[PDB]
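First up is the structure itself, then whatever we jot down about it.
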Amino acid sequence: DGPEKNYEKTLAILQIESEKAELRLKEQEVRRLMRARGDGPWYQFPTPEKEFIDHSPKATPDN
Amino acid sequence: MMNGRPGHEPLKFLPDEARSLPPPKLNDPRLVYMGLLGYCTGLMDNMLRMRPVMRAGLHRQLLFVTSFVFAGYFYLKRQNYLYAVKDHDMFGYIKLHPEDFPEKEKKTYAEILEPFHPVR
Amino acid sequence: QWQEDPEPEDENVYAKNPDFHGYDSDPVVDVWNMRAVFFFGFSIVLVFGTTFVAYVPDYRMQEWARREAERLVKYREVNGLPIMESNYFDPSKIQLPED
Amino acid sequence: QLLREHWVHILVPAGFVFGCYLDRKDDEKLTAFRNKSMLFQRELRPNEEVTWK
Amino acid sequence: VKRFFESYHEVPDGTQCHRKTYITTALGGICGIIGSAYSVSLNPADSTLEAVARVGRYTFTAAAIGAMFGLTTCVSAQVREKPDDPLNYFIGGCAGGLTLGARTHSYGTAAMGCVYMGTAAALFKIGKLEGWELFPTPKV
Amino acid sequence: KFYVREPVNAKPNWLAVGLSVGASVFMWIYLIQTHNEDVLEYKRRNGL
Amino acid sequence: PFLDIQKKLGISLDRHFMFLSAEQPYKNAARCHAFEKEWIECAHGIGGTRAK
Amino acid sequence: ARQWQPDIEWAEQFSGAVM
Amino acid sequence: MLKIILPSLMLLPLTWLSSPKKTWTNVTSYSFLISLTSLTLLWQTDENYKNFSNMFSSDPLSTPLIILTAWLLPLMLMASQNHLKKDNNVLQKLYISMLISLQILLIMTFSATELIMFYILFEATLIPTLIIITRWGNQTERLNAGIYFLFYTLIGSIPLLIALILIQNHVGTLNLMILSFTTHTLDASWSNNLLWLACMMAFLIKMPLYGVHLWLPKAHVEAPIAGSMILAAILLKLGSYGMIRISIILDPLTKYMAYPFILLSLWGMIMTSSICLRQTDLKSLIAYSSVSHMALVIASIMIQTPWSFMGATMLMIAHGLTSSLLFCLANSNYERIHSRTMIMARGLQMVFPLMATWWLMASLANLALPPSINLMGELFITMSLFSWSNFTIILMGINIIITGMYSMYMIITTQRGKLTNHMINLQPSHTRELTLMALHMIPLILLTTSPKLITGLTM
Amino acid sequence: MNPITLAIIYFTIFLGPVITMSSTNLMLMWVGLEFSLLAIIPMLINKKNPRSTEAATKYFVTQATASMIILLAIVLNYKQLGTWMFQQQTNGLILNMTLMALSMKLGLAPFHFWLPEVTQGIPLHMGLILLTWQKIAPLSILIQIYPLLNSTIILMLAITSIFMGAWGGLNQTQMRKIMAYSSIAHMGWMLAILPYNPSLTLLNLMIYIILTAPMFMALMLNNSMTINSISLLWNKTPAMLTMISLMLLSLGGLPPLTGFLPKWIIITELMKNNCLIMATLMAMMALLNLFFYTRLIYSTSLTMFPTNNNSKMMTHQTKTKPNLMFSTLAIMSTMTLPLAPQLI
């Protein structure tokens, strides 16, 4: 075919791998922040269910 | 770690969000690899029970191949949906908290000065 | 003792099939293995590979480099320029630090 | 059609053809920068639709 | 008290040889008591006196290991002034291994323990020096 | 030769053959159908 | 949990008597019902590290 | 002259319950 | 590259589906054809290396190793054809499959772009080699030899896995095209020196170093034959290639982390050539010579200069060819006497006049005969070592002398002298085992004729 | 046994862990663990010999104390917070007591001295169950509370399990103990990473199950319980050597087989959190774990041992034992590395 083909194939592979490395480091920093503070979807540890509380009138006022 | 993700329906294989993902080709290299796994499984089951190999259980081999591919297709659809969920949450998070991911821009090799280490 | 077979004494081949070639015990498989090895090892590999390799043009850019060098020294010595200056990058596009 | 013990000579050439086809599929997969590298970056001739396939 | 063993690092090597010395000796005696407990619970002796002799042997042995280690470390830091140098910890670990080969009469164990303890102690100083964290908290 | 003890796998189990063949056929049919439907739905949801 | 079958089916085999403020037999408030209710309603939507 | 396969004095060293 | 490895994969069906009497011929012919198809990646008309995909690549370093790995399979295959001829056919096909698997894995190593692909394949090669040594060796210490070979390599490789994981967590990609263009210099800390050691003490186990080489004679003596071929020709080069690839991300530590290994290589090279000088077992003589020759490559890579890398590649390929040839030559006598001792048969060249020429040419290649890619390598790395320090030639000349001595002595006391008249079983020769030496020696001549291929990165 | 009894007992064994998963109440988790305990014993003791009685006694006495310690932890948590769930902001002493009791349940060192004995004293089946189905629910407890756990003693227990499993399995001629020590080492690998991305714990668990179950079946096929009994396999069942070799070389993590994947990605996710040198130690003692596997497959496959004269009847007669899942479980192992991103 020629050298142009391999040259530009190499450029494509290079941008692929660079984008992938940047995405990996971004993933690591994002996981760091998400676990350090539960501001995101991941590392959201559960809490007690709010729907199984009884809000009805009790037998005593001072519930 | 994404089990606490909002909208995470419990014990749901393929949410309707996954239906927007492009599915596999059905010619996919790992799917035909799973078919090869099934073929070798049939061959090994023949070798273990002292039967002819490549000649005995042509319904069993076909069944193994079909099982492997028919499971791998849906498992792979699920895994692609999961990696997509990962990337979606990550891009949304960098969009939400840009200050922790500053818009960095770097200098050229003319302005910076890395030290020279002679071999000699 | 523990009932093992004995050491098989050494066999000579060429008593049987004195045209033995080293490959098999059947006289026909010997022939059709040596013929195939000779053919596919010398006649096509060591010949066509040698030709293919001899006729690779500008292997790692050797002829091209000498040609470019010829025209470049021609230019530089016709124009009286410094042949092969002492710095690949000009300082016109470099910025050093102060002190 | 009888006594096909020479049929197995087709596998390795099939492997060669298949690997050639797969390399062709890969460099079809990598058809970016096809004419956007700073070194060549030519303008297409009036008949050519692609630079190097 | 954890502060007593963390006070090993409030002043560098070559300073307060005695403090570091019997700090490390107490540490070795602790570990020897653990080893004696495991060696008496499992594989007991024929009598409680034999068991107590085993415990004392193990314990004073490990105490000697730690004493010579700390002494040699702060000495080789005092001499040839280089506290940020794991070779001092290596030499101390070798003294520890040689003591292990003295109390347990074997030159093979002596050289074995020398090499291994020296490499371990040099790695310990490299960790204390570079900020390595055994038992890290989950951060990602 | 002719076995003194007639083996259990002397004649096939045509039931098992039929079940396995039908299972493979159904699996492939449902797979191609689901793949077609999923590609169609991707092209529908994401537009073109 | 590990296998959230109850949510997958809607049933509540055991997840309705987890904490004090949960439906005593005759409506007798367990003490600190108000406090546990308040804590649980503040720690909802949030999960864990932020509710802590 | 022949390939060495094990013998009884080799196989017996895996029969002592502790090795 | 995919076109090179897929046919190598389909050679396994060609083994297991072909009839018992047409299972060596077809696979050997088609393996020669794979060796032929592996010459297209010599088409380097340009300085830019060849990248076919994210998986595989090819450089002026990888490509000679690729072609040699493809070439040595037929030779393995015919050398392994006179023994295990009275073996069961399934056992034969299993041997052929093991060798083909080695070929495929090694090509995947040399063609790889990432370091983890390289790692998993570099450590996957141990399984076929172990199987070949232990299941088809004739002696009883083959088991201990396989144990040594496996665990030396694993003990070396695990720190490499950890260092590569560290590099991936730092940079992100662990790919070789990028790690050259983005290599920040190192702080010269004890941690970074440990990183250097972790990266290097997996290959130095395998090259090998003089401190750690005891796995090499134990395996060469007891690998049947083809294990000796591969383990001398490409599995030692799997460390050279790895060091050359990994030393780019370790500057400037190599300026002082290299001194112990240059030094150990040189002195232990003298020591191993001396061991060669006085030795009873011929397949161990070749082994210690291999250690002595690979030590020069260790020193050369440690010096990291253009002449040095060049001569290292030259010596890599040359030593591989000539050592495989010597192993085949000694097996040619082992197949009659069934004893590796050299003094037993000490008067040949009466019965074996033509084979005694291959012995001569192999020895002249083993030592530094000038018009040959062995002396080219030795001489260029010696020039490199002299530019390093003008006192290394004192050691290199001592080894030059010893390397003439043990080679000529091997020739003398294996061929020259009074024939062992008590050896009726000295069968004359096989055309197969003459074609082995021909196929080994003709490429040496041709590479010497055109050595612009047998250079590497720097030429 | 009779069919109704077997149905009852196997259903109880299925419901022990299945109760332990689908249960927010820790008390019901404890109930499930007790179900597994109570129902496994009739099958450990089905042959009614001294070895079986001793195994069942040791299992019962070791598991009951751990159950009681877990119940202590649960009662203390309920006293503290008035809730039957381990929240955050509990007591580290409670959580550590729970972790130690669960370690005693699994078999982790230094709480490991009971597992090889018990696995020796029972048939090949009920070693499979004991090593696979009984590890799951105890792991479920840890999986549900992985952020609350101490990163220190979790790793000390891991490292100790690795060291002791390797040094135990090094010198065992009996295979029922080799598999137990393998279990101990693999549980160490799991519990090391359990506070870090707990999906990898389940990954290593499934890999370990898919390896061990075929291995226990291989031992079942001739009632092999000794190296010298599995060495007589080239004469009885010579088509199993390949799969046994690849699965042992998977158990000892080697690259092209999927048994290196768990160790690899575990070391990855530990190096992401600076657990460098502990990971190095574990990776290096996994080689000592591999050494006796190598010796084993030498003994059976590569240097075929002496056989007996009575083994020729076995050649005459036929078998029906391979269950069609041996091949599947052995081929999904040993060959599923390129599917690793689909596994993680």
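Protein chains in written order, with PDB author numbering: chain h, 81 to 143; chain d, 1 to 120; chain g, 23 to 121; chain f, 4 to 56; chain Y, 3 to 142; chain c, 1 to 48; chain e, 1 to 52; chain D, 1 to 19; chain M, 1 to 459; chain N, 1 to 344. Positions of the beta carbon are idealized from the N, C-alpha and C atoms, including for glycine.
Asked                                                                                                                                                                                                    : Found
Among M:451, M:187, M:27 and M:366, which one has its Cα closest to the Cα of residue 291 of chain M?                                                                                                    : M:366
For the stretch 135-148 of chain N, which residues have a CB atom closer than 8 Å to at least one CB atom of chain h, in sequence order?                                                                 : 147
Is the shortest distance between the beta-carbon of residue 223 of chain N and the beta-carbons of chain d less than 9 Å?                                                                                : no
Determine which residues share a DSSP beta bridge with residue 114 of chain M and list them.                                                                                                             : M:175
For a cutoff of 9 Å on Cβ pairs, would you count residue 37 of chain f as touching chain h?                                                                                                              : yes
Please list the terminal residues of the continuous alpha helix (DSSP H) segment that includes residue 115 of chain h.                                                                                   : 83-116
The alpha helix (DSSP H) spanning residue 53 of chain d covers which residue range?                                                                                                                      : Taken as a continuous stretch (DSSP letters only), residue 53 of chain d belongs to no alpha helix (DSSP H), as it is neither H nor E.
Taking residue 102 of chain g as part of the alpha helix (DSSP H), name the residues at either end of that continuous run.                                                                               : Taken as a continuous stretch (DSSP letters only), residue 102 of chain g belongs to no alpha helix (DSSP H), as it is neither H nor E.
Would you list, in chain order, the members of the stretch 103-114 of chain h that have their beta-carbon closer than 9 Å to a beta-carbon of chain d?                                                   : 103, 106, 107, 109, 110, 111, 113 and 114
Could you say which of M:445, M:381 and M:347 lies nearest to residue 422 of chain M if we only look at CA atoms?                                                                                        : M:347
In this structure, what does DSSP give as the bridge partners for residue 51 of chain M?                                                                                                                 : M:57
At a CB-CB cut-off below 7 Å, which residues of chain f make contact with residue 92 of chain h?                                                                                                         : 33, 35 and 36
Looking at the strands, I want to know which residues DSSP matches up with residue 258 of chain N.                                                                                                       : In DSSP, residue 258 of chain N forms no bridge with anything.
Please identify, using Cβ separations under 7 Å, the residues of the stretch 63-90 of chain N that lie next to chain e, in order along the chain.                                                        : 82, 83, 84, 85, 88 and 89
Is the beta carbon of residue 50 of chain M closer than 9 Å to that of residue 19 of chain f?                                                                                                            : no
Mind listing the chain d neighbours of residue 190 of chain N? Cutoff is C-beta to C-beta under 7 Å, in chain order.                                                                                     : Near residue 190 of chain N there are no residues of chain d at all, since even the closest Cβ is about 17 Å away, more than 7 Å.
Does DSSP put residue 294 of chain N in a helix, a strand or coil?                                                                                                                                       : helix
Residue 219 of chain M CB to nearest chain N CB: under 9 Å?                                                                                                                                              : no
What residue does the alpha helix (DSSP H) around residue 53 of chain g start on, and which one ends it?                                                                                                 : 49-60
Assess, as a yes-or-no matter, whether the stretch 132-151 of chain N is touched by the stretch 89-109 of chain N under the definition of 3 or more beta carbon pairs within less than 8 Å.              : yes
Please report the Cβ distance between residue 282 of chain N and residue 189 of chain N, rounded to the nearest whole angstrom; I am assuming they are in contact, meaning their Cβ atoms lie under 8 Å. : 7 Å
Going by DSSP, what residue range makes up the alpha helix (DSSP H) through residue 14 of chain c?                                                                                                       : 14-45
Buried or exposed: where does residue 17 of chain f fall if 16 or more other Cβ atoms within 10 Å of its Cβ makes it buried?                                                                             : exposed
Are residue 315 of chain M and residue 106 of chain M close, meaning C-beta to C-beta below 9 Å?                                                                                                         : no
In angstroms, rounded to a whole number, what distance separates the CA positions of residue 189 of chain M and residue 256 of chain M?                                                                  : 12 Å
Could you tell me which residues DSSP pairs with residue 60 of chain N in its beta bridges?                                                                                                              : Beta-bridge pairing links residue 60 of chain N to no other residue.
What does residue 119 of chain d reach in chain M if we use C-beta pairs closer than 7 Å?                                                                                                                : 304 and 305
Is residue 163 of chain M near residue 219 of chain M, with beta carbons less than 9 Å apart?                                                                                                            : no
Just mark residue 270 of chain N as buried or exposed, buried being the case when its beta carbon has 16 or more other beta carbons within 10 Å.                                                         : buried
Flag this pair as touching only if the stretch 162-180 of chain N and the stretch 279-298 of chain N have three or more C-beta atom pairs under 8 Å; answer yes or no.                                   : yes
For residue 195 of chain M, which of M:208, M:225 and M:249 has the nearest alpha-carbon?                                                                                                                : M:249
What residue range does the alpha helix (DSSP H) around residue 267 of chain M cover?                                                                                                                    : 259-277
From the DSSP output, in three-state form, read off residue 391 of chain M for me.                                                                                                                       : coil
With 9 Å set as the bound, which would you pick, yes or no: does the beta-carbon of residue 5 of chain d sit closer than that to a beta-carbon of chain h?                                               : yes
Spatial neighbours of residue 145 of chain N within its chain, please: CB distance less than 6 Å, with the 5 preceding and 5 following residues excluded, ordered by chain position.                     : 86
Under 9 Å, Cβ to Cβ, is there at least one residue of chain h near residue 93 of chain d?                                                                                                                : yes
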